Amino acid sequence: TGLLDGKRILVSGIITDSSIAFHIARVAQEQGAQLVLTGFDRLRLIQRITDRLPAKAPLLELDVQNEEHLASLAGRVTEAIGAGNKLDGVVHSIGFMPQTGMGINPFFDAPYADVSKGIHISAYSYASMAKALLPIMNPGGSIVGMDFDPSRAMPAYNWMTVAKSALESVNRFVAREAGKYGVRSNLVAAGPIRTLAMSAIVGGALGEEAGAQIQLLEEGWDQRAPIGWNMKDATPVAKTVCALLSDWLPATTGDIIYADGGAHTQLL
Ligand SMILES: NC(=O)c1ccc[n+]([C@@H]2O[C@H](COP(=O)([O-])OP(=O)(O)OC[C@H]3O[C@@H](n4cnc5c(N)ncnc54)[C@H](O)[C@@H]3O)[C@@H](O)[C@H]2O)c1
Ligand SMILES: CC1(C)CCC(Cc2cc(O)c(-c3ccccc3)c(=O)[nH]2)CC1
Numbered sequence: 051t052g053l054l055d056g057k058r059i060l061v062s063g064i065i066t067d068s069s070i071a072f073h074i075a076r077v078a079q080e081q082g083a084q085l086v087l088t089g090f091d092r093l094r095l096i097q098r099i100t101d102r103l104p105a106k107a108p109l110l111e112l113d114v115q116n117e118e119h120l121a122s123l124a125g126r127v128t129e130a131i132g133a134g135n136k137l138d139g140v141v142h143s144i145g146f147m148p149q150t151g152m153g154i155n156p157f158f159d160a161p162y163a164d165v166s167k168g169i170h171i172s173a174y175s176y177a178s179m180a181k182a183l184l185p186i187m188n189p190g191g192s193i194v195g196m197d198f199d200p201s202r203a204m205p206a207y208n209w210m211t212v213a214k215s216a217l218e219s220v221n222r223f224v225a226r227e228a229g230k231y232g233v234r235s236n237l238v239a240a241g242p243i244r245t246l247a248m249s250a251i252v253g254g255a256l257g258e259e260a261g262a263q264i265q266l267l268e269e270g271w272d273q274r275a276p277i278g279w280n281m282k283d284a285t286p287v288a289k290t291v292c293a294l295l296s297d298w299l300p301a302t303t304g305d306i307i308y309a310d311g312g313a314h315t316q317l318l
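Residue numbering for the sequence shown follows this note's numbering, beginning at 51 and increasing consecutively.
Pasting the structure below:
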């Protein structure tokens with residue numbers, strides 16, 4: 051028997067087969083969960099991607115900045131799962147920052163208008179999704195969001211670090227709301243993952259020093275992690291997410307779970 055047998059789970063922000071969301075999806079189904087997937091904007095591409103998943107599952111459209119999408123969602127989900135049916139889990143794997151708040155671009159020259167859009171999509175949306183979907187969520191349910199450890203600062207990550215810092219604060223407040231419905235809210239702080247965009251950056255595309263800064267990070271991370279860190283293997287992150295969506299961490303809300311091979315616990 052699977053781990054999430056007959057749980058119903060919403061899963062956001064799939065865009066490629068290297069997206070973490072995709073691997074969460076994959077493992078989720080492997081355990082036997084019925085999924086509902088949202089996508090943003092290029093629904094047509096995302097449709098092609100989601101077809102490679104163990105089982106097919108409904109694709110709804112959701113731009114977290116679109117107010118109506120948020121409004122209409124609560125229903126659109128219940129539609130695709132059948133009325134008198136509730137969700138046992140939502141997964142937030144959304145994030146965005148303009149290239150002024152990330153990469154080689156100096157920290158100071160990011161115009162607030164840029165930064166804000168970032169925080170809107172990367173941290174605010176977490177409460178948005180939780181507001182939309184809490185109503186239709188079963189007791190013992192789970193909310194899970196994607197996070198990169200922002201408690202220290204580092205090169206390149208710039209304003210996104212702030213967005214992540216924001217996000218960990220939002221999460222603790224959602225935890226409060228979620229509690230009313232008997233729902234948990236947590237974040238998975240993950241080590242770096244070799245996604246499409248990340249490898250592109252390791253090839254002039256975000257700069258030259260940028261490629262060198264990514265590489266430095268990735269390598270220190272593996273060296274610090276007492277059980278190592280394979281940037282290419284996104285499975286153990288997904289596995290972790292699924293453990294939070296399971297019934298096996300029932301006493302753990304408002305919190306951060308570290309899938310980083312233990313890096314953040316080691317100085318050198
Ligand atoms: N990249 C990493 O190594 C890493 C590490 C830890 C945490 N994270 C976090 O995990 C999440 C996903 O990372 P990823 O590597 O899968 O990147 P990704 O680009 O594959 O996923 C981000 C998703 O957000 C979606 N998105 C963008 N703007 C949106 C909007 N306005 N409304 C709704 N959706 C929108 C995109 O369609 C995309 O599918 C992000 O929250 C990211 O910060 C990433
Ligand atoms: C610190 C460093 C130079 C920059 C990125 C990090 C990890 C990381 C987190 C992160 O949230 C993202 C991200 C940003 C926007 C949209 C989707 C994903 C990322 O690409 N990489 C790995 C290296």
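Yeah, the Cβ is synthetic: ideal placement off N, Cα and C, and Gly gets one too.
#### Entry: Beta-carbon gap between residue 169 and residue 213 smaller than 8 Å
yes
### Task
Apply the 10 Å Cβ neighbour rule to residue 290 and answer buried if 16 or more other Cβ atoms are within range, or exposed otherwise.
buried
### Message
Comparing C-alpha positions only, which one of 56, 136, 70 and 264 sits nearest to residue 82?
### Response
56
### Task
Would you check if the distance between the CB atom of residue 12 and the CB atom of residue 210 is smaller than 8 Å?
The shown model of the chain, from 51 to 318, leaves out residue 12, and the question about it has no answer.
### Query
Which residue spans inside the segment 144 to 203 form an unbroken alpha helix (DSSP H) run of at least 4?
Entirely contained in the segment 144 to 203, the alpha helix (DSSP H) runs reaching 4 residues are, in chain order, 162 to 169 and 175 to 183.
### Query
Are three or more beta carbon pairs between the segment 100 to 118 and the segment 281 to 295 nearer than 8 Å?
no
### Query
Once you ignore the five residues that flank residue 161 on each side, which residues in its own chain have a CB closer than 8 Å to its CB?
150
### Query
Within this structure, are the beta carbons of residue 218 and residue 246 separated by less than 8 Å?
no
### Query
Where does residue 111 sit, in a helix, a strand or coil, going by DSSP?
Strand at residue 111.
### Query
What residues come near ligand 2, if near means a beta carbon less than 6 Å from any of its heavy atoms?
145, 146, 147, 198, 204, 206, 207, 210, 242, 247, 248, 263, 264 and 267
### Message
Assuming residue 272 is part of the alpha helix (DSSP H), what are its boundary residues?
### Response
259 to 274
### Task
Report the partner residues of residue 305 according to the DSSP bridge assignment.
Answer by DSSP bridge pairing, in chain order: 236.
### Task
Determine the direct distance from the alpha carbon of residue 220 to that of residue 301, and round the result to whole angstroms.
Roughly 19 Å separates the two Cα atoms.
### Three-state secondary structure (DSSP) of residue 91
In the structure shown, residue 91 sits in coil (DSSP, three-state: anything other than H, G, I, E or B).
### Task
Could you tell me whether the Cβ atoms of residue 208 and residue 146 are closer together than 8 Å?
no
### Query
Would you call the segment 180 to 194 and the segment 124 to 132 in contact, with 3 or more CB pairs under 8 Å?
yes
### Message
For ligand 1, I want to know if residue 240 counts as a neighbour, meaning its beta carbon is within less than 7 Å of at least one of the ligand's heavy atoms.
### Response
yes
### Task
Just the C-alpha distance for residue 225 and residue 182, rounded to the nearest angstrom, thanks.
15 Å
### Message
Taking the straight line between their C-alpha atoms, what separation do you get for residue 99 and residue 159?
### Response
36 Å
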